[PDB]
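Quick setup: one chain, the form deposited in one PDB entry, written in structure tokens, and binding and motion questions come after.
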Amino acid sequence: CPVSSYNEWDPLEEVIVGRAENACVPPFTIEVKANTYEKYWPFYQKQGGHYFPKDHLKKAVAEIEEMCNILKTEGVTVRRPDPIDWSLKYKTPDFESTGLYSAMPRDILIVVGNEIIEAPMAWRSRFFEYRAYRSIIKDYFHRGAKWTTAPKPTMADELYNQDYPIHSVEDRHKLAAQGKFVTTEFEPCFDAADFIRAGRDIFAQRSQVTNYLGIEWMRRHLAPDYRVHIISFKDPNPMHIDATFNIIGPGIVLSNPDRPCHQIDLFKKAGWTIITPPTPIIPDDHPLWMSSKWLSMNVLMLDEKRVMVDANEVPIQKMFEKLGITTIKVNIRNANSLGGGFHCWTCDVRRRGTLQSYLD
């Protein structure tokens, strides 16, 4: 029973850590643009289809290797996806594209109990990302784990709001206020990272890459044992929930001050402790091609009292320390450029614990 994980904090025993190797800049299509900050559009326009800067990838490789050494030191078993050249151009009957990477296992795999679920994805450049994780998954399957792949979308034009006001306008907030994004409800689609676990309750966010159809597929697939709840925040470009509402312990959650939750009262009434982290200190000159500066709260809990946090983010380190949480500082400043922190770069396969309810 290699696979077994019901939440984000029980004692970690096995984890999959991503890879920065052969990462490619995704072609600049509507869904990519909806996620990209104005500042990087020229980069995407010129670099699409080519590898991310190799000198930059080399630094990320080193940072992640070190992170892996630390995990092993802390007694965690680490598995890595297979090395693949993401520059290969593939073609389905609906579209043609080059790949992205297998850096973020949290984007594609989620473990609920004894079951590993491969998310469908919503980006064309991520259609074949599952290929990097098959060796690992088959091994767990041969050893008893349940294996599920949610319905792979066609990703035909009908899935995208080709006329979304990505070009800056901010009324993204308005459509966003209406649950209206760059992805339509044409077919189910989602990234596993828009879901965050808390035992019997899983919380999901309708985002640029996760639609209501996708969430309903999860809700219907996991019921009656798990309840999937939809929550929202003040955020014009949502893509993943772990840098917005990261649950770090039974009844304790980190809420991004810039992205308040519309349903925060549900948690307050539940007696949950809402902690608002201090702002990131990451320099504005450091390239964050795929995310915001908020990767600092994208922490990974080795257990209730041990957190893997960024070596450079001192303010948030102090915060955990005043709460009695031992900080394991690792530097992943360059790996951050690919779009993720510790929670995104990993997928907890096994945590020592049982299924419980923390919402009462």
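The first residue of the shown sequence is 1; numbering continues from there. Whichever C-alpha set is largest while still superposing within 1.5 Å between the two forms counts as the rigid core.
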Please work out which of 277-285 and 207-215 has the higher mean CA B-factor as recorded in the PDB entry.
-> 277-285
Could you settle it for me: does 198-206 or 221-229 have the higher average Cα B factor in the PDB entry?
-> 221-229
Hey, out of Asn312, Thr326, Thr36, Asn298, whose CA B-factor is highest in the deposited coordinates?
-> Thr36
Of the options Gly144, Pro236, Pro93, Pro188, which has the highest CA B factor as deposited?
-> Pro236
Taking the C-alpha B-factors as the PDB entry records them, is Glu118 in the lowest, middle or highest third of its chain?
-> lowest
Sort the modelled residues of this chain by their C-alpha B factor and say whether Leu71 lands in the lowest, middle or highest third.
-> middle
Quick tally, chain-level thirds of C-alpha B-factors: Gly251 sits in the middle
For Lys174, does the deposited CA B-factor place it in the lowest, middle or highest third of the chain?
-> highest
Consider only the C-alpha atoms of the modelled residues in this chain, order them by B-factor as the entry records it, and name the third containing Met308: lowest, middle or highest.
-> lowest
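As for the form deposited in another entry, it is not shown, yet the points below apply to it.
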Out of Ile281, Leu266, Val169, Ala156, the residue that alone shifts its CA by 2 Å or more between this form and the one not shown when the rigid core is the reference = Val169
Residue shift check between this form and the one not shown, rigid core fit, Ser255 Cα at least 2 Å | no
Can we say the CA of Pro81 moves by at least 2 Å between this form and the one not shown when the core is superposed?
-> no
If we fit on the core, is the Cα of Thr98 displaced 2 Å or more between this form and the one not shown?
-> no
